Amino acid sequence: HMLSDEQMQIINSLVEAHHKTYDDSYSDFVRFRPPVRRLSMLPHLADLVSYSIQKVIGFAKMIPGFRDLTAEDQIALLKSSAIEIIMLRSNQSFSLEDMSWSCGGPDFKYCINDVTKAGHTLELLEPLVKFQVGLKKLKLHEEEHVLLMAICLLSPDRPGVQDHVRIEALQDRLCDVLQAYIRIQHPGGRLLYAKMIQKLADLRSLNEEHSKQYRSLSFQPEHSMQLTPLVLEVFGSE
Amino acid sequence: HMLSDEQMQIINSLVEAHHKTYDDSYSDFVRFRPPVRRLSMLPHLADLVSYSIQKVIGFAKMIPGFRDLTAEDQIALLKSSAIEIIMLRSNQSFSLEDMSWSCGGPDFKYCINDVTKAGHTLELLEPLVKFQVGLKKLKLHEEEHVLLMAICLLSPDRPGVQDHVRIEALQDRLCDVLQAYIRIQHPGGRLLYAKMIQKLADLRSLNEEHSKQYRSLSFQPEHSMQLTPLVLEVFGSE
Amino acid sequence: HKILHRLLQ
Amino acid sequence: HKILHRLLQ
Ligand SMILES: C=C1/C(=C\C=C(/CC)c2cccc(CCCCCC(O)(C(F)(F)F)C(F)(F)F)c2)C[C@@H](O)C[C@@H]1O
Ligand SMILES: C=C1/C(=C\C=C(/CC)c2cccc(CCCCCC(O)(C(F)(F)F)C(F)(F)F)c2)C[C@@H](O)C[C@@H]1O
């Protein structure tokens with residue numbers, strides 16, 4: 001009926017990490033290779049995602065309990081979950097009015113046609129957009145959004161994990177925090193937890209379709225030379 | 001006393017390749033990650049050099065005889081000589097008045113201090129600039145510049161080469177073309193050939209100092225993630 | 001994975 | 001050297 005201190009500290013420190021790793025002004029987007037509108041958009045989107053992977057890594061290191069995992073598991077978790085966390089964190093810029101990601105003026109307004117020009121087909125972009133509207137309709141609190149990102153990042157069901165008991169425990173405490181939070185702090189949220197956990201199963205399916213379409217890019221040297229090294233390392237198969 | 005047809009065709013096709021691979025307007029420089037003035041300049045210069053490596057590869061494929069080498073030797077030659085050809089082709093933008101590379105306004109005017117901000121010390125930049133002024137003072141004709149770049153690219157004394165007899169032959173024909181050209185086509189050039197071949201020994205020394213300072217960058221993941229994949233492949237050790 | 005190690009402090 | 005091979009046609 002009332003969150004413990006430890007459950008409050010997990011929220012406090014998770015909300016702080018997202019505030020440090022997510023610029024609402026999107027001003028760093030001018031350091032990327034510019035967008036062009038043969039795959040004209042791939043260099044900008046590669047840069048954008050590569051920057052985002054750096055931000056996700058920063059979030060991760062501050063999730064209570066993550067830093068104490070072994071370097072192998074931290075990388076295993078990051079490598080499998082990075083795109084899901086990016087899809088998740090991108091909802092903050094998604095807009096229902098135009099069905100795009102508005103991170104700037106005409107330049108960094110990312111329509112669905114722009115991500116096609118980066119090598120991805122509609123079979124990925126069709127579910128991803130609908131995922132974004134359904135996530136947007138949830139009108140998640142900041143605490144929930146953040147909690148959901150950290151719950152995603154702490155899934156034991158990922159290729160590579162070894163200590164899937166101890167990260168299972170970390171994910172359990174966070175799920176408990178999220179349920180406590182919704183129950184105590186969100187009027188009308190009685191159904192929210194179930195829908196949110198449903199969004200994680202959606203992410204798995206988007207994650208598969210992305211990694212399939214990425215594999216197609218990374219095996220064509222003419223496009224893989226447009227990727228950054230971090231992107232190549234994180235989504236690579238090593 | 002008069003160039004043969006074959007020696008003219010080698011000039012014609014070499015001059016054409018450089019005209020296709022070298023934009024005097026430097027307009028593609030707006031597709032690079034912008035320059036910033038911790039190594040602020042590394043992302044722009046990495047992009048700039050990576051683009052240049054692509055242009056050098058295009059030059060190479062049109063050097064008469066290069067395409068008929070084995071893929072191994074072509075890569076061996078490109079990998080060892082790329083930076084020398086870039087240093088060489090950069091003289092076209094170098095300016096004696098300001099001792100910089102003027103490829104644009106204030107943005108793409110590359111002072112010596114800017115290349116420091118990309119991880120290189122004066123022990124490389126001091127000889128490189130003096131190399132550029134001494135190359136600039138030669139006031140090479142276009143035919144000579146081009147011929148010199150192709151002679152650089154066809155050095156048999158490079159790590160990796162296998163058929164150093166057949167590329168020795170290709171380099172010999174080109175040296176013959178350059179001497180014929182200077183003797184017949186350049187008043188006062190009686191001494192030019194010797195100074196030019198002296199510039200190749202300079203390049204070897206600059207090449208060493210660069211590869212030494214690059215090795216230092218590529219072993220620090222925080223800077224090597226700012227490189228492009230082509231750069232990593234060409235200057236890497238594999 | 002040289003780069004992820006470094007970024008993970 | 002996947003990329004140089006490709007660029008060398
Ligand atoms: C990132 C973020 C934002 C938008 C993300 C957006 C919409 C533009 C996105 C997020 C996940 C997936 C997708 C589709 C495939 C992407 C392509 C990647 C890639 O496949 C490439 F580049 F090669 F094509 C890879 F992975 F290799 F980089 C879009 C903007 C802001 O909210 C910050 C926030 O962090
Ligand atoms: C390229 C070109 C131009 C300038 C080259 C210039 C002056 C700005 C240069 C040429 C060779 C050497 C140097 C010093 C070290 C460079 C750093 C590379 C690098 O060490 C990095 F980026 F990591 F630091 C590497 F190789 F990894 F990319 C400068 C402009 C125009 O004339 C087109 C022409 O083609």
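Reckoned from all heavy atoms, side chains included, excluding hydrogens, waters and symmetry mates. Naming convention: chains lettered A, B, ... in sequence-line order (proteins, then strands); numbering from 1 in each chain.
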Count the heavy atoms belonging to other residues, nucleotides or ligands that lie under 6.0 Å from NZ of B/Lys136, then report whether that count exceeds 12.
yes
Non-hydrogen atoms of A/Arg33 and B/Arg31 that approach each other most closely
CG-O, 3.6 Å
Should we say atom CZ of A/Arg204 is surrounded by more than 12 heavy atoms from elsewhere, each under 6.0 Å from it?
yes
Within the supplied structure, the quantity of interest is the number of heavy atoms (other residues, nucleotides, ligands) at a distance under 6.0 Å from A/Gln9 CD; does it exceed 12?
yes
Contacting region of B/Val231 [heavy-atom separation from chain A under 4.5 Å]:
neither
Which answer fits A/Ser50, side chain, backbone, both or neither, if we ask what part of it has an atom under 4.5 Å from a heavy atom of chain B?
neither
Would you say CD of A/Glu208 has more than 12 non-hydrogen atoms from neighbouring residues, nucleotides or ligands within 6.0 angstrom?
no
Bottom line for A/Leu232: the part with an atom under 4.5 Å from chain B's heavy atoms is side chain
For A/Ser224 against B/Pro229, the heavy-atom pair lying closest together:
O-CG, 3.7 Å
Heavy-atom neighbours of B/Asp68 CG exceed 12 at 6.0 Å
yes
